[PDB]
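Below you will find one chain, with nothing else, as structure tokens; this is the form deposited without the ligand, and questions on how it binds or moves follow later.
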């Protein structure tokens, strides 16, 4: 299917145990898309101070559409050393591995694969 429906845990920065998906722009996006599938993506909402506390490269989800059945459509946009690779809407969050952290909310997104 071109877009999957998911809802990801919103995890507070300081709890996140694995703080970025890898060490290139191709592999933070490979794992993002590979963790969205296996069920293990959570979400940190970028607020002042969050990004320095996470590792680059950063996978944001951002909105690609001005809400099927509740879920915001969104796409991934790596960033590393200021350059973004992709082009999308507003950031609904940064994407981390979820590995037992206890969420503070969920965020119904629909991810273009």
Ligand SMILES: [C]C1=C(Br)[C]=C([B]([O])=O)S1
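Positions refer to the first chain, counted from 1.
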| task | Might you work out how many residues are unmodelled in the deposited sequence between residue 66 and residue 67, and answer none, 1 to 3, 4 to 9, or 10 or more? | result | 1 to 3
| remark: As the entry reports it, the stretch among 15 to 23 and 88 to 96 with higher mean C-alpha B factor is 88 to 96
| remark: Highest CA B factor of 29, 50, 43, 73, as deposited, is found at 29
| Out of 36, 61, 54, 80, which residue has the highest Cα temperature factor in the PDB record? | 80
| request: Classify residue 110 as lowest, middle or highest third according to the C-alpha B-factor given in the PDB entry, relative to its own chain. | output: highest
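What comes next is about the form solved in complex with the ligand, which is not displayed.
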| request: Give a yes or no for residue 71: in the deposited bound form, does one of its heavy atoms lie within 4.5 Å of a heavy atom belonging to the ligand? | output: no
| query | Is residue 36 a contact residue for the ligand in the deposited bound form, using a 4.5 Å heavy atom cut-off? | reply | yes
| query | Since the partner is left out here, which residues of 1 to 32 would have a heavy atom within 4.5 Å of the ligand in the deposited bound form? | reply | 4, 6
